[PDB]
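Content type mmCIF, C-alpha atoms, from the file run-v2.cif:
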data_query
#
loop_
_atom_site.group_PDB
_atom_site.id
_atom_site.type_symbol
_atom_site.label_atom_id
_atom_site.label_comp_id
_atom_site.auth_asym_id
_atom_site.auth_seq_id
_atom_site.Cartn_x
_atom_site.Cartn_y
_atom_site.Cartn_z
ATOM 1 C CA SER A 6 81.776 128.812 93.201
ATOM 2 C CA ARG A 7 81.242 126.079 90.623
ATOM 3 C CA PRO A 8 77.967 124.127 90.625
ATOM 4 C CA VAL A 9 77.340 120.596 91.845
ATOM 5 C CA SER A 10 76.736 118.185 88.968
ATOM 6 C CA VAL A 11 73.498 116.168 89.023
ATOM 7 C CA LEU A 12 72.263 113.538 86.558
ATOM 8 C CA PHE A 13 68.625 112.458 86.754
ATOM 9 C CA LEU A 14 68.569 108.938 85.310
ATOM 10 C CA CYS A 15 65.489 107.188 83.946
ATOM 11 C CA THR A 16 64.196 104.675 81.399
ATOM 12 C CA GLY A 17 63.266 106.778 78.372
ATOM 13 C CA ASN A 18 64.019 110.324 79.570
ATOM 14 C CA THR A 19 60.435 111.280 78.694
ATOM 15 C CA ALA A 20 58.801 112.146 82.025
ATOM 16 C CA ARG A 21 60.106 111.737 85.584
ATOM 17 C CA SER A 22 63.686 112.729 84.747
ATOM 18 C CA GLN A 23 62.534 115.712 82.671
ATOM 19 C CA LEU A 24 60.258 116.915 85.479
ATOM 20 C CA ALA A 25 63.157 116.516 87.907
ATOM 21 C CA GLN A 26 65.574 118.353 85.614
ATOM 22 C CA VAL A 27 63.321 121.396 85.252
ATOM 23 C CA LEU A 28 62.327 121.409 88.927
ATOM 24 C CA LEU A 29 65.962 121.361 90.077
ATOM 25 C CA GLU A 30 66.813 124.042 87.511
ATOM 26 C CA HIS A 31 64.057 126.100 89.133
ATOM 27 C CA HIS A 32 64.663 125.497 92.837
ATOM 28 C CA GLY A 33 68.431 125.058 92.678
ATOM 29 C CA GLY A 34 69.234 127.941 90.375
ATOM 30 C CA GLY A 35 72.852 128.222 89.376
ATOM 31 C CA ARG A 36 74.011 126.084 92.287
ATOM 32 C CA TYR A 37 73.560 122.882 90.238
ATOM 33 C CA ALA A 38 74.538 121.719 86.757
ATOM 34 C CA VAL A 39 71.600 119.499 85.834
ATOM 35 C CA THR A 40 71.369 116.796 83.164
ATOM 36 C CA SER A 41 68.791 114.090 82.525
ATOM 37 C CA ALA A 42 69.111 110.947 80.441
ATOM 38 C CA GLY A 43 67.591 107.549 79.809
ATOM 39 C CA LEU A 44 68.797 104.122 78.790
ATOM 40 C CA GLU A 45 66.484 103.860 75.749
ATOM 41 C CA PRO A 46 65.497 107.412 74.811
ATOM 42 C CA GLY A 47 62.013 108.093 73.545
ATOM 43 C CA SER A 48 60.306 111.459 73.077
ATOM 44 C CA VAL A 49 59.327 113.919 75.785
ATOM 45 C CA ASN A 50 55.724 113.094 76.658
ATOM 46 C CA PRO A 51 53.360 115.974 75.788
ATOM 47 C CA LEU A 52 51.816 115.651 79.259
ATOM 48 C CA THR A 53 55.252 116.169 80.809
ATOM 49 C CA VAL A 54 55.444 119.477 78.939
ATOM 50 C CA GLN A 55 51.862 120.420 79.821
ATOM 51 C CA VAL A 56 52.213 120.003 83.585
ATOM 52 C CA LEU A 57 55.504 121.928 83.654
ATOM 53 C CA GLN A 58 54.063 124.744 81.540
ATOM 54 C CA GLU A 59 50.997 124.920 83.791
ATOM 55 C CA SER A 60 53.442 125.763 86.598
ATOM 56 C CA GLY A 61 55.162 128.449 84.535
ATOM 57 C CA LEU A 62 58.279 126.367 83.948
ATOM 58 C CA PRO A 63 59.930 126.495 80.524
ATOM 59 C CA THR A 64 60.232 123.346 78.450
ATOM 60 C CA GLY A 65 61.677 124.468 75.107
ATOM 61 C CA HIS A 66 65.087 123.017 76.011
ATOM 62 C CA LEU A 67 63.843 119.525 76.858
ATOM 63 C CA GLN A 68 64.870 116.600 74.673
ATOM 64 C CA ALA A 69 64.761 112.865 75.330
ATOM 65 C CA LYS A 70 68.380 111.725 75.204
ATOM 66 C CA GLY A 71 70.382 108.585 75.787
ATOM 67 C CA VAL A 72 72.869 107.991 78.571
ATOM 68 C CA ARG A 73 75.432 106.274 76.333
ATOM 69 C CA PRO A 74 77.077 109.535 75.107
ATOM 70 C CA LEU A 75 77.543 110.499 78.780
ATOM 71 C CA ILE A 76 79.122 107.219 79.892
ATOM 72 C CA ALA A 77 82.571 108.800 80.346
ATOM 73 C CA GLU A 78 81.253 111.756 82.357
ATOM 74 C CA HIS A 79 81.286 112.012 86.143
ATOM 75 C CA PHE A 80 78.433 113.439 88.211
ATOM 76 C CA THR A 81 78.603 114.243 91.909
ATOM 77 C CA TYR A 82 75.020 112.986 92.268
ATOM 78 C CA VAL A 83 73.317 110.428 90.055
ATOM 79 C CA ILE A 84 69.660 110.372 91.092
ATOM 80 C CA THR A 85 67.713 107.466 89.606
ATOM 81 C CA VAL A 86 64.022 108.344 89.299
ATOM 82 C CA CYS A 87 62.839 105.077 87.794
ATOM 83 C CA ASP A 88 62.302 102.084 90.052
ATOM 84 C CA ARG A 89 65.251 99.712 89.767
ATOM 85 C CA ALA A 90 62.665 96.961 89.188
ATOM 86 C CA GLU A 91 61.598 98.579 85.907
ATOM 87 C CA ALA A 92 63.089 97.224 82.705
ATOM 88 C CA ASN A 93 65.703 99.571 81.237
ATOM 89 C CA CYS A 94 66.166 101.413 84.536
ATOM 90 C CA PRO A 95 69.950 101.769 84.227
ATOM 91 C CA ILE A 96 72.955 102.253 86.474
ATOM 92 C CA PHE A 97 75.607 104.876 85.867
ATOM 93 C CA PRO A 98 79.317 104.093 86.338
ATOM 94 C CA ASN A 99 80.881 107.421 87.431
ATOM 95 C CA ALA A 100 79.327 109.090 90.465
ATOM 96 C CA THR A 101 80.190 110.197 93.968
ATOM 97 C CA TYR A 102 76.694 109.573 95.359
ATOM 98 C CA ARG A 103 73.977 107.378 93.856
ATOM 99 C CA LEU A 104 70.530 108.273 95.170
ATOM 100 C CA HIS A 105 67.368 106.319 94.388
ATOM 101 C CA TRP A 106 64.135 108.309 94.284
ATOM 102 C CA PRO A 107 61.744 105.886 92.569
ATOM 103 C CA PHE A 108 58.580 107.595 91.367
ATOM 104 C CA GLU A 109 55.505 106.046 89.807
ATOM 105 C CA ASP A 110 55.805 106.147 86.021
ATOM 106 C CA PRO A 111 53.139 108.717 85.068
ATOM 107 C CA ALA A 112 53.361 107.657 81.421
ATOM 108 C CA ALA A 113 52.199 104.146 82.378
ATOM 109 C CA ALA A 114 48.895 105.483 83.733
ATOM 110 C CA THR A 115 45.864 104.865 81.540
ATOM 111 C CA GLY A 116 42.575 106.696 81.050
ATOM 112 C CA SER A 117 41.448 109.886 79.400
ATOM 113 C CA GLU A 118 43.865 112.730 78.784
ATOM 114 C CA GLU A 119 42.443 114.492 81.837
ATOM 115 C CA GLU A 120 42.884 111.397 84.021
ATOM 116 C CA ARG A 121 46.466 110.952 82.806
ATOM 117 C CA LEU A 122 47.221 114.651 83.292
ATOM 118 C CA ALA A 123 46.077 114.245 86.901
ATOM 119 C CA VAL A 124 48.717 111.542 87.396
ATOM 120 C CA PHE A 125 51.403 113.676 85.751
ATOM 121 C CA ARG A 126 50.455 116.567 88.046
ATOM 122 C CA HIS A 127 50.644 114.303 91.102
ATOM 123 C CA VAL A 128 54.093 113.014 90.125
ATOM 124 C CA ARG A 129 55.260 116.539 89.278
ATOM 125 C CA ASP A 130 54.181 117.673 92.748
ATOM 126 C CA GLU A 131 55.928 114.730 94.429
ATOM 127 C CA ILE A 132 59.192 115.328 92.553
ATOM 128 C CA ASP A 133 58.871 119.050 93.283
ATOM 129 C CA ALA A 134 58.516 118.336 97.002
ATOM 130 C CA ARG A 135 61.496 115.969 97.102
ATOM 131 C CA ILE A 136 63.669 118.437 95.180
ATOM 132 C CA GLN A 137 62.729 121.340 97.454
ATOM 133 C CA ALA A 138 63.652 119.300 100.530
ATOM 134 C CA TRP A 139 66.901 118.138 98.938
ATOM 135 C CA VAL A 140 68.005 121.657 97.979
ATOM 136 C CA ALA A 141 67.075 122.902 101.450
ATOM 137 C CA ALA A 142 69.286 120.324 103.180
ATOM 138 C CA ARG A 143 72.314 121.811 101.367
#

Represent the structure of the file as structure tokens.
Amino acid sequence: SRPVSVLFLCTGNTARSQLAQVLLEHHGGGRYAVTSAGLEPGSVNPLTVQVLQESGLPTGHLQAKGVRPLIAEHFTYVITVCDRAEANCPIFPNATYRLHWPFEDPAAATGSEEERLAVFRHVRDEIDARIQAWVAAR
């Protein structure tokens, strides 16, 4: 049985959408074909990598990538993980369902590395929870 296609959509594809991609890869297994992309791609935040690796989740395949090369693709679910109020939080044209799971931008948090890592861990855990519940309802 072929997998359900999911695009996690964000601003820079550096944090929330990368966390979501890896967490759905983990909890969903082969049931989902998972992509993440951003409107204005940056670079995966090192704290994104750190908090995933702390959980034993691999990150070597993560790359910040733009949504423009995907504009002709269709996804059964497009799940926007930036707040629509954020600048460069985009919309995607080809989807069956558009879900909006705004999460706090962990990369916007300030303070020491340890204080920022705490925010990244909190957002990781929130995304993890939402993904577990979403997979379980299917």

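For the pair atom CA of residue A:85 and atom CA of residue A:101, the interatomic distance is 13.5 Å.
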
Suppose a student applies the PyMOL selection byres ((chain A and resi 133) around 10) to this structure; what residues should they get, written as number ranges by chain? A: 24-25, 27-29, 31-32, 127-132, 134-139

Explicit residues for the PyMOL selection byres ((chain A and resi 26) around 12) (as a PyMOL selection string): chain A and resi 10-15+18-25+27-34+37-42+53+57+62-64+66-69+83-86+129+132-133+136

Near residue A:113, counting all atoms listed in the file, which residues have an atom at most 12 Å away, once you skip same-chain residues fewer than 2 positions from it, shown as a list in words? residues 19, 20, 21, 50, 52, 87, 91, 108, 109, 110, 111, 115, 116, 120, 121, 122, 124, 125 and 128 of chain A

Two-atom distance - atom CA of residue A:98, atom CA of residue A:16 (Å): 15.9 Å

Nearest to residue A:102 by atom-to-atom distance, counting all atoms listed in the file, from A:81, A:9, A:35, A:143: A:81

For residue A:80, which of A:61, A:43, A:103, A:123 is the closest residue, counting only C-alpha atoms?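 Residue with the minimum atom-to-atom distance to residue A:80: A:103.
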
May I have a table of the residues of stretch 55-96 of chain A lying at most 10 Å from stretch 44-48 of chain A, giving each one's closest pair of atoms and their distance in Å to one decimal, counting only C-alpha atoms, ordered by chain and ascending residue number, as a Markdown table?
| residue | atom | partner | partner_atom | distance |
| --- | --- | --- | --- | --- |
| A:67 | CA | A:48 | CA | 9.6 |
| A:68 | CA | A:48 | CA | 7.1 |
| A:69 | CA | A:48 | CA | 5.2 |
| A:70 | CA | A:46 | CA | 5.2 |
| A:71 | CA | A:46 | CA | 5.1 |
| A:72 | CA | A:44 | CA | 5.6 |
| A:73 | CA | A:44 | CA | 7.4 |
| A:92 | CA | A:44 | CA | 9.8 |
| A:93 | CA | A:44 | CA | 6.0 |
| A:94 | CA | A:44 | CA | 6.9 |
| A:95 | CA | A:44 | CA | 6.0 |
| A:96 | CA | A:44 | CA | 8.9 |

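If you measure from each of A:140, A:90, A:51, A:119 to residue A:107 using only C-alpha atoms, the closest one turns out to be A:90.
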
For the atom pair atom CA of residue A:76 and atom CA of residue A:104, what is the interatomic distance in Å to one decimal place?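 Straight-line distance from atom CA of residue A:76 to atom CA of residue A:104 works out to 17.6 Å.
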
Please return the centre and edge lengths, in Å to one decimal, of a box with edges along x, y and z that contains all listed atoms of stretch 80-97 of chain A, widened by 6 Å on every side, as lines of an AutoDock Vina configuration file.
center_x = 70.1
center_y = 105.6
center_z = 86.8
size_x = 29.0
size_y = 29.3
size_z = 23.0

Since the input lacks some atoms of stretch 106-128 of chain A, please model N, CA, C and O atoms and print them as a compact mmCIF listing (two decimals), keeping the file's coordinate frame.
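out_10.txt was written with the following content:
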# COMPACT_ATOMS: atom_id res chain seq x y z
N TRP A 106 65.42 107.67 94.02
CA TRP A 106 64.14 108.31 94.28
C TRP A 106 63.14 107.72 93.30
O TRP A 106 62.75 108.37 92.32
N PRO A 107 62.72 106.47 93.50
CA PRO A 107 61.74 105.89 92.57
C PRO A 107 60.44 106.66 92.64
O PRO A 107 59.94 106.96 93.73
N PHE A 108 59.90 107.00 91.48
CA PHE A 108 58.58 107.60 91.37
C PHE A 108 57.74 106.72 90.45
O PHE A 108 58.26 106.07 89.54
N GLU A 109 56.44 106.69 90.72
CA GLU A 109 55.50 106.05 89.81
C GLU A 109 55.72 106.60 88.41
O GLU A 109 55.92 107.80 88.23
N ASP A 110 55.67 105.72 87.41
CA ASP A 110 55.80 106.15 86.02
C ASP A 110 54.49 106.78 85.59
O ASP A 110 53.51 106.06 85.36
N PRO A 111 54.42 108.11 85.46
CA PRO A 111 53.14 108.72 85.07
C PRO A 111 52.72 108.33 83.67
O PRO A 111 51.52 108.33 83.36
N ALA A 112 53.68 108.02 82.80
CA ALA A 112 53.36 107.66 81.42
C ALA A 112 52.74 106.27 81.31
O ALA A 112 52.15 105.95 80.27
N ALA A 113 52.85 105.45 82.36
CA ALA A 113 52.20 104.15 82.38
C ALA A 113 50.73 104.22 82.78
O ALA A 113 50.00 103.25 82.56
N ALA A 114 50.29 105.35 83.33
CA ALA A 114 48.90 105.48 83.73
C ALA A 114 48.00 105.50 82.50
O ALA A 114 48.37 106.03 81.45
N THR A 115 46.83 104.89 82.62
CA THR A 115 45.86 104.86 81.54
C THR A 115 44.61 105.64 81.94
O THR A 115 44.36 105.89 83.12
N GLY A 116 43.80 105.94 80.93
CA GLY A 116 42.58 106.70 81.05
C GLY A 116 42.56 107.87 80.10
O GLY A 116 43.43 108.02 79.23
N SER A 117 41.56 108.73 80.27
CA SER A 117 41.45 109.89 79.40
C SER A 117 42.66 110.80 79.58
O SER A 117 43.43 110.68 80.53
N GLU A 118 42.80 111.75 78.65
CA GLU A 118 43.86 112.73 78.78
C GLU A 118 43.78 113.43 80.13
O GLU A 118 44.80 113.66 80.79
N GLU A 119 42.57 113.79 80.56
CA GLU A 119 42.44 114.49 81.84
C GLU A 119 42.86 113.60 83.00
O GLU A 119 43.52 114.05 83.94
N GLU A 120 42.48 112.32 82.96
CA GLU A 120 42.88 111.40 84.02
C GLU A 120 44.39 111.21 84.04
O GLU A 120 45.01 111.17 85.11
N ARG A 121 45.02 111.10 82.86
CA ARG A 121 46.47 110.95 82.81
C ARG A 121 47.17 112.23 83.24
O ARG A 121 48.18 112.18 83.95
N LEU A 122 46.64 113.39 82.84
CA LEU A 122 47.22 114.65 83.29
C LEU A 122 47.20 114.74 84.81
O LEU A 122 48.13 115.28 85.43
N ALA A 123 46.14 114.23 85.44
CA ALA A 123 46.08 114.24 86.90
C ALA A 123 47.23 113.46 87.51
O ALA A 123 47.81 113.87 88.53
N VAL A 124 47.59 112.33 86.90
CA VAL A 124 48.72 111.54 87.40
C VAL A 124 50.02 112.30 87.19
O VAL A 124 50.87 112.37 88.09
N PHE A 125 50.20 112.89 86.01
CA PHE A 125 51.40 113.68 85.75
C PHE A 125 51.53 114.83 86.74
O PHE A 125 52.63 115.16 87.19
N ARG A 126 50.40 115.48 87.07
CA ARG A 126 50.46 116.57 88.05
C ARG A 126 50.84 116.05 89.43
O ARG A 126 51.60 116.69 90.15
N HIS A 127 50.31 114.88 89.81
CA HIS A 127 50.64 114.30 91.10
C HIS A 127 52.13 113.96 91.18
O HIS A 127 52.78 114.24 92.19
N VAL A 128 52.68 113.37 90.12
CA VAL A 128 54.09 113.01 90.12
C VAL A 128 54.96 114.27 90.08
O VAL A 128 55.97 114.36 90.79
